[PDB]
Each structure stands twice: as C-alpha cells, then as structure tokens.
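Below is one structure; the comments refer to it alone.
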Protein chains: 4
Amino acid sequence: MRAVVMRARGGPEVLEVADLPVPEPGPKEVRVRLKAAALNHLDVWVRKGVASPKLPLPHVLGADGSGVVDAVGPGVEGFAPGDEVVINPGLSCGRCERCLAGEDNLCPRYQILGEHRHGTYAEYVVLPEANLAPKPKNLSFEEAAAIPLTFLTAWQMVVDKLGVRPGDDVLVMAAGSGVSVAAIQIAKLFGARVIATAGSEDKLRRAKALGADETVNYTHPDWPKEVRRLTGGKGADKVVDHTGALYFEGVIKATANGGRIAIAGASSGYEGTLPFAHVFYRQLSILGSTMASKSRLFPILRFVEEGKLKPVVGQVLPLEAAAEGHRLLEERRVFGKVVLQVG
Amino acid sequence: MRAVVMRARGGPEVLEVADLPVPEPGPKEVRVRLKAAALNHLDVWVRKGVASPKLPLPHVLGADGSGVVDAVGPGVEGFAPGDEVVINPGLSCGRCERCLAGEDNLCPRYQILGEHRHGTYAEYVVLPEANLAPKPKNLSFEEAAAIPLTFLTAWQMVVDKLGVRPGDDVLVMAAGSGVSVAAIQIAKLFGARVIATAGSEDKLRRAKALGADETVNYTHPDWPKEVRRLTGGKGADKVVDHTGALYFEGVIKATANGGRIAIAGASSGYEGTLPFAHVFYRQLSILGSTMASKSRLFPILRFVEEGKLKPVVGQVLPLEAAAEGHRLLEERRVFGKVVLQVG
Amino acid sequence: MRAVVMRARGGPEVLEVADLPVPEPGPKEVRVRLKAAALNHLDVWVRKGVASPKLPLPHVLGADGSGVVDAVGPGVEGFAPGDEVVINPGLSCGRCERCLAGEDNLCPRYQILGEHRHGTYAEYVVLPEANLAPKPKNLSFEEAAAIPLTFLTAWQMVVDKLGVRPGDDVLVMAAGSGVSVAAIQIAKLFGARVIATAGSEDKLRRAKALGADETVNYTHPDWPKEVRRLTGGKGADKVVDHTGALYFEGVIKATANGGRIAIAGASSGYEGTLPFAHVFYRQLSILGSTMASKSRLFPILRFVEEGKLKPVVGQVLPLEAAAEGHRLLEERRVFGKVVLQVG
Amino acid sequence: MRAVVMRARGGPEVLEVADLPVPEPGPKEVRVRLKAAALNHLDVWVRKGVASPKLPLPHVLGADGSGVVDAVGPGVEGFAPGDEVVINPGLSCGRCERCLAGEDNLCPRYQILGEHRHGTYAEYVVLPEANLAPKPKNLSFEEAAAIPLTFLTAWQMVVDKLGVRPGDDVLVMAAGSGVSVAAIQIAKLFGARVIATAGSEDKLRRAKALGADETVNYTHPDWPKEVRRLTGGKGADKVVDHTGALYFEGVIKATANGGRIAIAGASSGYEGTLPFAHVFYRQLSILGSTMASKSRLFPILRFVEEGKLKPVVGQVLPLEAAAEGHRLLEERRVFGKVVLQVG
Ligand SMILES: [Zn+2]
Ligand SMILES: [Zn+2]
Ligand SMILES: [Zn+2]
Ligand SMILES: [Zn+2]
C-alpha cells in the first residue's frame, strides 16, 4: 500500500513515499481504508526525534484519521466493511485500574497512534474496534479526520481540568492551533465568554468568526492589561494554553486570582520557567493535560453532528505532500487543522 | 464438569447437580477453575424467576467466585495457569460511552455474571481477562470469593454516593446482612463514626467487632430516637440502607438535615407511603446504587491484603448443597457471607 | 407606615392593611423603601398556620422584594440612599460552620425573610447589608422583586443538585408554576435540552417561548411515555419537580436510568406508595432542595442584566390587595410571579 | 499595654518592646486579652518588608493568637468576658460573592492579622466576633495558639486542593515547618500513607512519631528515587510542599504521573523556575494554596478536641523575646511551631 514514512529523524525532508505490506487485522481488531489523515504536533515531535526515541524505522506517522472499514478480524462486533468511521487515537490496555476507571489516557501502556506504532499516513491501518467511532454523515472525510485528537485534548482541558461553566471568562492563547480552535468552541458550549489571543489581526478575525467574544493581539507586550480590561479588571478565570511557551509571564498577569490555567502536554522537551511566588500566592492552578478519556469522543461527535461544534480544516494537501504539510505547521501559517487526503 | 444447574424457576429445590461440558476460553478470555462461589441475593431472584426472564435453561447461577487460572485464550497476557484470582462480577461491552468512562455498571448491555450467563456454581467458568483480579494471598478461597459483589456495592454507596469523610456520622442498617459488613468497614476506612443497627444483640456485638462505634436495636418502635441521641441530637449525616421499604420511615427520621441515604437492593415488601416533604423540607437525598465500577475492585483488594478491610464468611457449604445455601440466605439469619466450596 | 399585617392565621381574609412604626437600621443594617414585594407559596403556609408556629402577631409576610435604599445604619459601607436594590431572602447568623462555608441556607438558625421576622408586605423593611444586592437597571421594580426566591431555588436544583450540563435532557414539571419558569431558563443556560410539561396548551406554548425545546401535556394518563419518546426512548437525565406527590410516579417513569430528580417544595397531597425498587434498580437519585446559598444571587442578577435569564411577572396588585393575591397564587392559575406594588 | 512592635523593616533587631493604647472594641467586635501568640512565616516576611509595603509603622505582627475575651462591643452575641478562645486569622468583608460562598480567603479585601493591621504580639487585640472560636479545654493556651494558621493552610492543601483519600501516597516536604507537621496529621486522618522528607535524621525521627509512615532524608541528592522505591516505583500521588523552593526538580521526579502537588502560598517574592515540558506531559497539577475558608477551623478544633489532631509546639519564649523567636525560624532550628507567652 502507498504510505508516507520517515527514513530518519530530521526535518520534513525525511518524510518519503514508499510501499509497505498491507497490515492484517487480528482478533477484536479492524482494518480501516484511510480516506483522510490529520496532522498533529505530536507528528513533528517524533519526526525530529524529540519524542519516542529508539523507535523502529521506517515509521508511519499519524494519529488522526478517518475512512472506511476495510476488514474485521475474528470476533469483531459493531463494525463491517463499508462503514464510515473516524479513529480514536488513544490506545490503552483496558485492564489496568486507570482504564477500567475511564482514564485510559493515564494508562501506563497508553500510546497515541503514529507515536509508537504505524499511524494514519497510509492508505490502510489496523486498530482495536474499541478505537473506532462512526463518522457523522454531515461531514466530509477530511473534516471528520480533523476532529479527534485536538477536540479530545481541548475537551479534557476545558471541561474536566478547567471545569468551565457559564459566567466564566475563558482566555484561549494562540487562536489558530488545532487545540485552540476546538477549545474556543467547547468553551462557548459551556456558557463561557471567550477571550482569544493571537499574533495577527487575521487570526483574531477568524477566532471571532469561530465564536470568540473578545480578541487580543499579543504582538503588543501589553496585551495582559487589555485582557484585564476586557474582564472588568479581574482577569481571566480559566485559561487554555496549548503550550505555555508563549508569554507565560503575561498569561499569569492576565489570570484572575484563584484562576486556573490548563496547559496541553507536549513531548517538545521545552525547558522554560514557571513563576512560583506570585502564582501560588494568588492561588493559581496550573494543570497539565494530555488527550482525554476515549469516552469523550462520543459526546464530541454528537455535538458535531448537531452542529454545536465544527472541525476547522485550514488546509488540505495530498498524502504525498506530507512534507509540505509539516512545513505549514512548523511555519505556523494555517488557522486550524492541516489534513492529508488519502487514496 | 460438576455444576449446579437451574432446571426450572421456583423454590431452592430447583437447584440440582448436573454434568456440563467444560467451557472454552475465547481470544481474550480465560477459564478459571473455581474453589469457592459466594452466594448473593441476586442468585435467588434469578432462581425464583423474578429476575432475568426469557433466560435459557439449564442455567448456572453465581456472580462471586475465586479460584485458580486453568487455561487462557490464545491472545491473553497477565494471566497464567496456577495464578490465584477472584472474579470481578461486572460484565459490559467495554466499547460504549458509559464503559469508556469507567461506568461499566451503567452500560446498556451491563450484566452480572450468573444473571444471564453461566456463573460460578460450577468447577469452571470462562470470562474476559478484564473480569479477573489477583486473589490476595493472606485469604482463604472462601474469604476471597466473599469480597467482590458486596464490597463493590458498599464502596459505591459509601465512597461515591455518600461521599463519606472523616467526622461524618454514618448509619449502617441491619448488620451482617447484605452490604452492611462491608459498609461498616469502608465507612470507618474513610474516617466516619459508625452507628450500626441490627435485630439481635449478637449481631450488634458483632458489629462493634467490625468497627461500629455505636449500636442500636431496631426491634424497638423508637430506635430512630436512639440514633438521634447518639449523634448529638442532630442525626446521622450519611446512611447505608439495603433493606428499606420497612424501616425506611425510621431511617428518614434518623437522618440529620441535608443528610444522604444510599439504598442498595431495598426490594422489601410494601412501600407504605414514605413521608415526603420530610426529605424535601430537610433537604435530604436518597440515592439508588447497584454494584460499582470494575476499577473499584483494585483499591478494595489492596486494603484487604493490608487488613484494613476483611470479608466475613458466615457459613460454608459443599457445592452440591446450593439449595440449602439459598435457604440460609433467604431467611437472613446467618451473619456474613454464605460461601459454596467447589473444589 | 403602610403594611399588610397578619391579624390571625387562616384564610387570605386574615390579611389586612395596618399602620406600623418604621423600623430602624442597626449598626450593619439598612432600611429599604420597598417598591414591589413578590408573593411566594411560603407566605401562604405562614398565613394558614402550617409554617412558623408560635409566631408573634401581627406579622408582616414577604420574602421577595425590591426597592430603594432609604437609610443605612451607622457603620455600613457599599450602600447609600437612592440606590436601587433587590433583597436576598436568606437570613443566617454568618458565624457557624455552615455559614462560613457558604451554606447559609443550611444554618441551624436559617430564616427566610417574612417567615419569622417582618417581611416585604410594607413600605419599609430593615435587613442586614449582607442581604441586599444591586437591582439590575434593565428591569422594572416588579420584575426585580420576582427574581431572588425562585431563581435561587431553581439554581441550586439545576446547577448544584442536578449538575445540569450540555447534552443533558432536562425535564421541568408544571411550567409557569413555582420554580419552573426559572428552571427552564437556567437549564438552557447550562446547555441542556429542555422538555417542559404543563396542563394547558397556553402554558406549554408559553414554555417554548422561554426556551423549552419540547413540550408535554400531563393531562393524559400516558404523558410519561411522551417524554421517553422525546428523548430517544431513554428518558430524561435530569428532572426539576416542585409539585410531586401526584405525578411523581409519572416522573419516575419518565426518568432515564441513573437519572437525577430535584424536588423543591413538593408538599402536595397523598404520597400514594411511591414505586421503590424502580429508583434503586435503575440507580435513580432523588434530591430535596430548599433555597440556595446567598452567593448564588450574584451570578443570577448578572445573567439577568445580560438578558440570558429573565423573570416572568404574571400579575401585579396593589399592596392593599395581598389577600386577593394569595387567592391567585393558591389556585396556581397565573403563569408567572404575582407581585405586589408597594410604592 | 505591653506589645512588641517593629520600628523599621530589617532583621529581627527591629522588633522592640513598647507600650501602645489598649484597642477598644466596636459594634460586632471583641477585645481579647492574649495569653499566647504563635509565630508564622508571614511575620518574618512583613518584618523584612518583602510583604505589605507602605504599611503603617510601628506595626504589631502576629496572626496566631489565643486567650480570654476581655470585652465585647455593642451588639455582640456568642461571647462574653472570661471565655477562652483562639483567633481565626482570616479577615474578610463577608459581603462579596467569595465570602458568601464560603471562600473568604479569596475575598478581594482578605487580610491576615498582623499583616495589614496590628496583630497578636500584644497583651490585647480586637477583632470581629466572626473571627473568634472557642478554645478546646484539653489544651494549654500556647498549644491552642499554634493551631489556626498552619492547620487551616494544611487543611485546604490536603483536603480541598489535593483531595487526599485513603490509599493515597502523600509526600510531605520539609517535615518540621508549621504547615508540614499539620499536613502530616491531616493527611493521615484521611487515610493516606504519608512519606515525609527532611534534612536531618532528627526531624525525620519526629515526623515518624507524628504519624509519618515512611521518611526520606533529602540531604542525599538521590532522595527522589527513594520516594519512588517506597511507593512501588510509581512515585507520590499527592504532594504537600509548603514552599516549592526546595529541590522542586526532585519533587516532580518523586511525583507519580497525573500527580498533584500543592504549594503553600507565600509573599516571599522567591523567583525560581517550574519545569514545563516534563510536567504537563505527565499531567501534573501544581496548585497554589493560601489559608482556607474560616469554616475549616471548627472541624479542625473538633478533631483536636477528639485528639485526632494535635498542635506541635516546638518551643515557647516570652513575648519580649520575639526577636529570638524570629531567629529560631530564620535559622530553621525548631520542629513545629514557635510560641510566645503573653502576659
Ligand atoms: Zn490500561
Ligand atoms: Zn458498554
Ligand atoms: Zn449560621
Ligand atoms: Zn468579601
């Protein structure tokens, strides 16, 4: 089958196109014929070698994917060939205390597709039936593929970690990244008043159309005051920061006392600094968050089918232009998700 | 193999010994050679026909069980023949929203072993690897088999439903019967002051031995008054009831303002009238609870190995005497679990 | 000053106009010149004698009220004469554990204005500065007076008790009566899909205008079946009931598995028998709720100024017609609040 | 009256002994004749000038205090002369949304005694009746005084922020500090298995006697591994760090994935660094915590009266040796609290 793979751990030039045997489905497993694969930051991390070292090469990247059920292994129930589905990137054992508690993302054997094993940058992929979910009919394959990873991550942050509720002033940093665009929508869904920050008026323009109530350009090293102004001088109650590596000094200045700040986990190895004194004294909470319970995908897709949440496909390129896709992310030039059309 | 089948629905006499073929473990399944099967009131409802209608016959009852791993399916890890284990009676599909969230006991396809599928009243039983936990080595097989079902039910009521915490006055109804044995111990484990009620002086004496700080006899028409007197006149904060529909009026009377009452399988007789406006005006909360999440069996067994929680085996009977065992249980005379010894 | 005193306990005719001396504000107290006093079912229980026995006479009823600051005690800040305000009907000692925890409505000395102390059925009333909130400027005095009592009760039931969240199917009983008006709006505010039930077509039509997504008529012996049909057959997840003791059997039937039912002042007639084992087997939860924490009045009024929540004034009557007002309320005919105009 | 005051903002030499007019009680206020005053870190901070700048000098330090009610102002209820009491250092307005919600420590007007106004380093002090609590009879004045501030702070951290429960492995850093000794006890009370760290075997010896299950000396730059070893290799689930400025790099290495770490707020202005990448990726939560709801003191004292919690008075000196007391803290030479006998 056709697939993009990485011969080495370098820049986007390491991603090449080759042929690999079509994987076969095992018991309780399912083979999917991919129609679309979404790019994720996790991809670039592994591609550089900052994540998942000593990984078997060549490697097939890709955590987000959508398509049609090609074949089911022995003992499979709930899926058949021809069925449209989207992948749920969370691979867990399903036996440990964490999994049985609905916390598979905390499983000691937790693995994201394309991180440890071959992902969605191919025409085919096999995975446990439990990791497959029906694709909504009102969406295109590309749109479907862009949902899972970022929506899951933004859901844990906004709902479970920040406990967002109506009345809350939510600050979403760097509107434009996959996590951001979903966090803005989910936060609105929970009655929040969203304030989104970005580095260009163009991204702010898009954040506004996405549902943001107020927007702030952090190009000006005084944006925290603006955020304070927009929130009656008290600052944001809850903050969604998909990185923490962007003017975090300001973020905390924009955050209300007792405020909560959620930071989307990443294997970027980024070493920075976190203000102790004037952070814990103001009783601020800084919560690391990564992916989310696989159970979150069902209600997320439902809201997407109802139209309350929408995927944000900024660009689509052919699977073979995977390299070009990575440069689009590394150069941060697209508002929303980057999707690869497969087949 | 030897097994106690259910020829037809009716009195305990319908339970007879028969020879059934040995079940074979599927892909992710394992066959356990049973040593002890604990008796639950659920087995009685199935026997009488009150539960699980349209149930094929013959049927093997039994939700609780302990034993040794006999054989394991092809693709199965974490279990080998010889391993001592106890059964996690909760069966679900592990693919729906409820299951992925850990709330398997709320799965639309949720099933308790022995309720619809052959249970533990045999020398062998086959279940998914997800429903098997290591048997604590400090316990006898009859003690181990007695844990699961009641400890899980008592745990959801005390920990999740009632949110028992140190300083709480917890009231447990009818000691020695149902989930009281486990509820008194879990309650204390969470820092509460337990007040237990029973009918005989023996059971109350038995209650204190389990950790009950105070005892009350509900054979008197004014026992609710003693509970009030025993808690500074305010009444109990949290209440664990598995009988109800008889003393419920007394419980409601014994419950302090804003108190919480957790009800297990209170399928008693008449429902009188239930003095409402008493539960509303005083902001009381009545919570129904059946079983618990499979994940809860891990902390339980851990506390059991430490000796902070322990099962109470009231009587042991040979497997071929399941009938006599159902009699003992139906008359609620024995203090503790009735356990069948298989092999 | 003019006031409607309660000469004796009995029918609404016991309410008569009398001249009482003007109360004087203590140290941290303030005297409010009332403009409107909203009528609550509580005023009726006090009038009949069913509530607050040993109550000195004459007594001035009235828990809800709005007006202008008249005079303030010596040591008081944050209030000046001329300021428009609404009353927070919750009176507590503010020194006990319950009060310091915010749960003032659970204070052992908790008292609702007008229940034991002179209320709002007069031209002036004196209460602690802690029980006064700024009146939203976008509302008329009768609209303002209608908010507090019902919005606080509906909020604790929806937000704290039921934990309503987006995607939830909330069922509100008897629209236009009690806390339904507020519950339908708060429910929607928290992202639920509201199904409202009423007796007349007018009230149901009125319900949808308030945000009710679906409507059902409980005049039919099978209305519970419509709620089930209206929620994918599963039933309502959360239920707000302020009547009970009459349709409660229907509610329980309309409640989905593991559902929660919040009950306000369901002090209806007979209690029939209440089909238990249905609330236990299906793990249902019945929660009693009276009033709410004073702190909750702040977010409520904020949403009211934004227009996300709005009071519904059913009828206005001059203060001297409190008697006629109690009739209108006792017959549960008027849709919305019955508000007395003082000055 | 005799009292210790600070003429300037320098070392412990600025604390002098002088005479100041005896403060008079106002409405709803109470004058206390101090018998003992406990030293707190907050004291040294303000004494140096790192906290509460532009504060009126001379200033009377002291947040913790116990003694006898000297006189009550007009309109006081609940207290009379001769009554033994301990101070609740949290001064809040009692009107803002935070206060009425039981979150007075989050009030915008929150002030700790001795931080903004004259504290307990005198023979007399006046404060709102709401800030006074009855001293348990089984305790000496010195012992009583050492409870409030640190126990309150350790309570919010352990119970509210870390949500400690039985089964949890709690890591308490720097056993010896006021917060630590209380955190160890409260954590045990909630069923935790406590691991305490310190720099000398002597403090570890005392932490063991206090209730710590396991102890680790962080003098050895490899202690995190030891903590991991003691917790089956998974690390601590919850961590109490009353500073964060002590081997925080190790703390996070000793913390289990998904773990929670509570840091006691301080106006030390300590600027350090917080590991981003490998912290949020492991889904760690870092929670700033300061003081606690005044409501927490009641249940805390109760547990002290029951004997479940005990104050830890490491040393007592005469009020006039306040300077010496501060050097004992600045030189960190005492396990537990330092108390000043007054009068
Ligand atoms: Zn797992
Ligand atoms: Zn399921
Ligand atoms: Zn109170
Ligand atoms: Zn305040």
Side-chain angles (χ1 to χ4, degrees), chain B residues 40-42 149-164 168-188 190 192-199 203-204 207 210 212 214-219 223-228 230-231 235-276 278-279 282 284-292 332 335, chain C residues 273-288:
Chain B
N40 284 106
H41 291 289
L42 176 50
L149 200 308
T150 48
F151 277 82
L152 287 159
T153 298
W155 182 287
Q156 185 168 98
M157 294 184 284
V158 177
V159 184
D160 305 307
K161 254 56 177 171
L162 299 160
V164 168
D168 272 358
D169 272 306
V170 178
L171 170 71
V172 182
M173 295 294 270
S177 188
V179 292
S180 56
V181 165
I184 294 174
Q185 298 180 74
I186 292 171
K188 290 295 304 182
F190 279 74
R193 208 166 70 88
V194 177
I195 302 79
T197 67
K203 291 175 172 181
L204 288 184
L210 246 46
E214 236 48 282
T215 47
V216 174
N217 189 316
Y218 53 68
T219 197
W223 66 270
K225 294 173 172 298
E226 265 302 293
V227 182
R228 307 283 295 194
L230 252 27
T231 52
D237 299 290
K238 275 59 182 278
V239 181
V240 181
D241 192 6
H242 69 282
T243 60
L246 176 48
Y247 315 82
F248 195 55
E249 186 188 67
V251 177
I252 292 183
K253 217 79 72 61
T255 307
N257 295 166
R260 293 150 75 171
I261 304 165
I263 289 182
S267 178
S268 190
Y270 76 119
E271 41 219 306
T273 43
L274 274 50
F276 70 93
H278 194 182
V279 182
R282 300 197 314 183
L284 276 39
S285 311
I286 302 159
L287 317 157
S289 170
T290 295
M291 284 289 274
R332 274 93 176 176
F335 188 95
Chain C
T273 43
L274 274 50
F276 70 93
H278 194 182
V279 182
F280 319 142
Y281 177 71
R282 300 197 314 183
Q283 307 194 66
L284 276 39
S285 311
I286 302 159
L287 317 157

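Each chain gets a letter, A, B and so on, in the order its sequence line appears, and its residues count up from 1. Just so it is clear, the values below take in all heavy atoms, side chains as well, and ignore hydrogens, waters and symmetry mates.
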Measuring from atom NZ of B:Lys225 to atom CZ of B:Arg228, what distance do you get when rounded to the nearest 0.5 angstrom? 9.5 Å
How many angstroms lie between atom OG1 of B:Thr215 and atom CD1 of B:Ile195, to the nearest 0.5 angstrom? 10.0 Å
Is the closest side-chain donor-acceptor distance between B:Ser289 and B:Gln156 under 3.5 Å? yes
To the nearest 0.5 Å, atom CG of B:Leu287 lies from atom CZ of C:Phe280 at 10.5 Å
Non-hydrogen atoms of B:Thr153 and B:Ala264 that approach each other most closely: CG2-CB, 4.3 Å
Side chains of B:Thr243 and B:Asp241: is there a donor and an acceptor less than 3.5 Å apart? yes
Is there a side-chain contact between B:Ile263 and B:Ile286, using heavy atoms and a 4.5 Å cut-off? yes
Would you list the pairs meeting ring-ring contact (aromatic ring centres under 6.0 Å, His included) in which at least one residue belongs to residues 247-266 of chain B, sequence neighbours left out? B:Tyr218-B:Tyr247
For B:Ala183 and B:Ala154, which heavy atoms make the closest approach, and how far apart are they? N-CB, 3.7 Å
Return the set of residues passing salt bridge (charged side-chain N to carboxylate O under 4.0 Å, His left out) with B:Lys161 (not counting sequence neighbours), or none when no residue passes. none
Listed by chain and number, what are the salt bridge (charged side-chain N to carboxylate O under 4.0 Å, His left out) partners of B:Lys203, not counting sequence neighbours? none
Would a 4.5 Å heavy-atom cut-off, applied to side chains only, mark C:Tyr281 and C:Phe276 as touching? no
Rounded to the nearest 0.5 Å, how far apart are CZ of B:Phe151 and CD1 of B:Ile186? 6.0 Å
Does the pair B:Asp237 and B:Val170 meet the rule for a side chain to side chain contact (heavy atoms under 4.5 Å, CB included), with working shown? CA-CA 6 Å; B:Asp237 299 290; B:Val170 178; over 6 Å; no
Which pairs, with at least one residue in residues 278-287 of chain C and sequence neighbours excluded, count as a salt bridge (charged side-chain N to carboxylate O under 4.0 Å, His left out)? none
Is the side chain of B:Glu226 donor-acceptor paired with the backbone N or O of B:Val216 at a distance under 3.5 Å, no angle test? no
The reported gap from CE in B:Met173 to CD1 in B:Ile184 (rounded to nearest 0.5 angstrom) is 12.0 Å
Side chain to side chain contact (heavy atoms under 4.5 Å, CB included), that's the test. Do B:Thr197 and B:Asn217 meet it? Break it down for me. CA-CA 6 Å; B:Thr197 67; B:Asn217 189 316; over 6 Å; no
Measure from the side-chain N and O atoms of C:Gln283 to the backbone N and O of B:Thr290, and report whether any donor-acceptor pair falls under 3.5 Å. yes
Could you go through B:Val179 and B:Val181, starting from their C-alpha distance and side-chain angles, then the distance that decides it, and tell me whether this counts as side chain to side chain contact (heavy atoms under 4.5 Å, CB included)? CA-CA 6 Å; B:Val179 292; B:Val181 165; over 6 Å; no
Hey, can you pull the donor-acceptor pairs under 3.5 Å for the side chains in residues 250-258 of chain B, sequence neighbours left out?
{"residue": "B:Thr255", "atom": "OG1", "partner": "B:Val251", "partner atom": "O", "Å": "2.7"}

How many angstroms lie between CG in B:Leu284 and CZ in B:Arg260, if you round to the nearest 0.5 Å? 11.5 Å
How close do B:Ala187 and B:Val164 get, counting heavy atoms only, and between which atoms? O-CG1, 4.0 Å
Going through the distances and angles, do B:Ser177 and B:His242 end up as a side chain to side chain contact (heavy atoms under 4.5 Å, CB included)? CA-CA 8 Å; B:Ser177 188; B:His242 69 282; 3.6 Å; yes
Closest contact, heavy atoms only, B:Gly244 versus B:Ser268: O-CB, 3.2 Å
Looking only at heavy atoms, what is the nearest atom pair of B:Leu162 and B:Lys238, with distance? O-NZ, 3.0 Å
Just wondering, are more than 12 heavy atoms of other shown residues or ligands nearer than 6.0 Å to CD in B:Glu249? no
Could you pull out all residues at least two apart from B:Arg193 that satisfy salt bridge (charged side-chain N to carboxylate O under 4.0 Å, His left out)? B:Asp169, B:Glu214
